[PDB]
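All remarks here apply to the structure that follows.
Along the sequence shown, residues carry numbers from 1. The figures that follow rest on heavy atoms only: side chains count, while hydrogens, waters and symmetry mates do not. When a ligand or atom number is given, it counts from 1 through the structure's own listing order.
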Amino acid sequence: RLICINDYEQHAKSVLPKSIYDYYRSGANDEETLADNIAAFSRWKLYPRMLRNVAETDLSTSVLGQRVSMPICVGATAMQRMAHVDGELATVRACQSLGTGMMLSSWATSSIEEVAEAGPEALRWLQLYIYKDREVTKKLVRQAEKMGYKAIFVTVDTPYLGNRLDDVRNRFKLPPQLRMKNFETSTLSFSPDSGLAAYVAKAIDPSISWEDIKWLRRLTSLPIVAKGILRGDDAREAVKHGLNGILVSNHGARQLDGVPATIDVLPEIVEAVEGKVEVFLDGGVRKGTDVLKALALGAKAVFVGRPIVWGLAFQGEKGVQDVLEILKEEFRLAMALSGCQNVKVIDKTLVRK
Ligand SMILES: Cc1cc2nc3c(=O)[nH]c(=O)nc-3n(C[C@H](O)[C@H](O)[C@H](O)COP(=O)(O)O)c2cc1C
Ligand SMILES: CC(C)NCc1ccc(N(C)C)cc1
């Protein structure tokens with residue numbers, strides 16, 4: 001049956017209710033950047049070296065000082081219990097099995113504590129939204145620290161929600177038995193136009209600024225990664241504020257439509273930070289060769305969003321494990337066929353635009 005990431009999406013479309021599949025699939029507006037996140041990878045061509053001895057390929061690397069089995073990590077995707085009853089618990093168990101890390105959404109259908117209990121040995125990070133209520137925001141950070149999470153990925157591209165047309169058409173909301181489990185009140189738990197757009201407008205602070213990054217940097221000694229940066233000047237500002245990484249992201253093409261593909265902006269950002277912090281990528285990673293191209297252009301690791309959700313939709317924990325194993329094996333093969341024994345030898349001469 002399912003032997004590549006595209007097969008998992010096709011299966012997910014066949015089993016999920018329309019409103020759920022559309023929520024997960026959609027980009028903003030006419031979905032120009034959604035298509036380009038994928039198309040852009042195809043424009044970057046590979047220039048493989050032959051005869052390098054690839055009998056012993058080592059995929060391991062490190063993200064913010066923590067070892068991982070491969071440069072392929074799970075990105076934050078909200079509300080995973082819509083895809084499968086075990087949701088984020090399934091995801092974290094699969095990450096533990098694989099030896100990779102999970103970035104947990106602030107809008108998860110499982111709590112910070114529940115996910116740490118299901119994956120005590122898993123490498124786990126918190127994706128943070130800055131809520132108008134700074135006490136809510138502080139509580140999330142404190143829980144993450146108490147529960148053994150190793151970094152904060154602060155989302156900086158979402159002062160408001162992007163306009164995802166199908167969610168407005170479907171009047172997207174959570175199924176009746178589910179909530180955003182990090183919150184106590186009806187409104188902040190998203191108790192069931194787009195419901196989610198209205199939730200953001202009520203809960204999330206559109207005023208946030210670099211001053212808020214200064215606040216967050218004072219709040220926690222955890223490593224902090226700015227997630228959603230697309231400009232070199234903003235990446236330099238993040239470094240100036242004492243942040244510890246940049247996740248080059250257009251939010252899965254769900255925020256501002258018509259921004260570049262992340263693989264296309266990656267080189268400018270890598271150049272801008274001058275080696276001072278790790279740079280990561282997400283957006284459009286579906287194949288081992290996508291991972292290889294991102295590393296050749298300077299990314300330390302990539303994050304996957306939608307493929308994880310499609311794994312859940314097929315078979316819960318087993319489906320997420322399968323998706324991650326597919327990506328791992330495609331990446332090993334790509335490294336081998338390119339002449340790369342390890343991630344340290346994946347260099348810029350492997351790619352040209
Ligand atoms: C269904 C879905 C839900 C998402 N939820 C969140 C979220 O809660 N927090 C966040 O910072 N980003 C969120 N994102 C953005 C993802 O972290 C990531 O940037 C994106 O999924 C990467 O692109 P990909 O799906 O092509 O792999 C979401 C993306 C999707 C598709
Ligand atoms: C690997 C596991 C997820 N089983 C499904 C499966 C996935 C990929 C492949 N290969 C040979 C391309 C074979 C089988």
Side-chain angles (χ1 to χ4, degrees), residues 2-9 11-12 16 20-28 31 33-38 40-41 72-80 82-83 87-88 94 97-98 102-109 125-130 152-158 161-162 164 166-167 172 180 182 190 196 199-200 204 225-230 247-255 259 261-263 280-288 290-291 294 302-314 319-330 332-333:
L2 307 184
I3 62 171
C4 66
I5 277 34
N6 289 338
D7 292 345
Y8 279 78
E9 181 169 0
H11 176 90
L16 294 172
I20 294 178
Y21 173 70
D22 288 350
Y23 165 69
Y24 289 140
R25 181 206 64 77
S26 280
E31 299 182 332
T33 299
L34 186 77
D36 199 27
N37 277 352
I38 292 168
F41 277 109
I72 305 170
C73 304
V74 168
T77 48
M79 302 172 276
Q80 286 180 5
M82 301 196 296
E88 294 85 1
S97 297
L98 259 295
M102 180 186 178
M103 188 200 306
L104 180 62
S105 177
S106 281
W107 297 345
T109 39
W125 312 285
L126 180 69
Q127 175 274 312
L128 188 68
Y129 283 122
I130 307 205
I152 300 300
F153 285 73
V154 61
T155 301
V156 308
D157 61 10
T158 311
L161 205 71
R164 299 93 178 252
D166 282 324
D167 292 347
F172 169 76
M180 294 187 184
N182 290 314
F190 195 34
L196 189 62
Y199 174 87
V200 170
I204 301 305
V225 173
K227 172 178 187 286
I229 307 266
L230 294 168
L247 169 46
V248 176
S249 180
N250 51 38
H251 207 122
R254 297 160 67 89
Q255 287 297 110
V259 304
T262 50
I263 192 61
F280 312 102
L281 177 145
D282 68 26
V285 175
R286 308 290 176 259
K287 288 182 293 191
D290 300 333
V291 182
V302 304
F303 295 79
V304 286
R306 291 176 187 91
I308 305 306
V309 175
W310 308 145
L312 286 175
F314 177 63
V320 173
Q321 184 191 298
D322 287 344
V323 162
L324 289 171
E325 286 178 351
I326 286 161
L327 288 166
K328 191 173 186 195
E329 174 57 18
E330 290 196 9
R332 181 202 71 76
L333 183 63

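- Annotation: atom 18 (C) of ligand 1 to nearest protein heavy atom, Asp282 OD2, 3.3 Å.
- Partner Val304 forms a side chain to side chain contact (heavy atoms under 4.5 Å, CB included) with one of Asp282, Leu327, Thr77 and no other, that one being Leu327.
- With a 6.0 Å cutoff to the six-membered ring centre and a 45° limit on the axis angle, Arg306 does not count as a cation-pi contact of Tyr8.
- Comparing heavy-atom distances from atom 9 (N) of ligand 1 across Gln127, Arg164, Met82, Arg306 singles out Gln127 as nearest.
- Contacts between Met103 and ligand 1 below 4.0 angstrom, taking non-hydrogen atoms only, are absent altogether.
- Between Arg332 and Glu329, at least one side-chain nitrogen of the basic residue sits less than 4.0 Å from a carboxylate oxygen of the acidic one, meeting the salt-bridge criterion.
- Contact atoms of ligand 1 toward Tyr23: 1 (C), 3 (C) (distance under 4.0 Å to a heavy atom of the residue).
- In this structure, atom 12 (N) of ligand 1 lies nearest to the protein heavy atom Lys227 NZ, 2.9 Å.
- Summary of contacts: the protein heavy atom closest to atom 2 (C) of ligand 1 is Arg254 NH2, 3.4 Å.
- Side chains of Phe172 and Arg164 form no contact here, defined as non-hydrogen atoms less than 4.5 Å apart.
- Distances below 4.0 Å separate heavy atoms of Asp322 from the following atoms of ligand 2: 3 (C).
- Considering both main-chain and side-chain atoms, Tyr129 comes within under 3.5 Å of ligand 1 through a nitrogen or oxygen pair.
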> What do the steps show when you test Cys4 against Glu330 for side-chain contact (heavy atoms from CB on, under 4.5 Å), and what is the final call?
Replying inline: CA-CA 9 Å; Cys4 66; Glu330 290 196 9; 4.2 Å; yes
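- Between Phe153 and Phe280, the angle of the ring planes lies from 30° to 60°, which puts this pair in the tilted group.
- For the residues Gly252, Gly75, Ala76, the heavy atom positioned nearest atom 28 (C) of ligand 1 is part of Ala76.
- Heavy atoms of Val323 come nearer than 4.0 angstrom to ligand 2 in no pair at all.
- Side-chain contact between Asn37 and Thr262: present, with at least one pair of heavy atoms (C-beta onward) separated by less than 4.5 Å.
- Close N/O approach between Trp107 and ligand 1 is not found [any backbone or side-chain N/O within under 3.5 Å].
- By the 4.5 Å heavy-atom criterion applied to side chains, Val74 and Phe303 are not counted as neighbours.
- Contacts of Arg286 with ligand 1, taken as heavy-atom pairs under 4.0 Å, involve the side chain alone.
- In this structure, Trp107 has its ring center no closer than 6.0 Å to that of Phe190.
- Looking at ligand 1, you'll find an N or O of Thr155 within less than 3.5 Å of one of its N or O atoms.
- How far NE2 of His251 is from CG of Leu230: 12.0 Å, rounded to the nearest 0.5 Å.
- An N or O contact shorter than 3.5 Å is missing between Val285 and ligand 1 by distance.
- When only non-hydrogen protein atoms are considered, atom 8 (O) of ligand 1 lies nearest to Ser105 OG, 2.7 Å.
- Look at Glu31 and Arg25 and you find a salt bridge, because one of the NZ, NE, NH1 or NH2 atoms lies within 4.0 Å of a carboxylate O, short of that distance.
- The protein heavy-atom contact nearest to atom 27 (O) of ligand 1 is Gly305 N, 2.8 Å.
- For ligand 1, the polar-atom distance check finds an N/O of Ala78 within less than 3.5 Å of one of the ligand's N/O atoms.
- Protein heavy atom closest to atom 15 (C) of ligand 1, with residue, atom name and distance, is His251 CD2, 3.5 Å.
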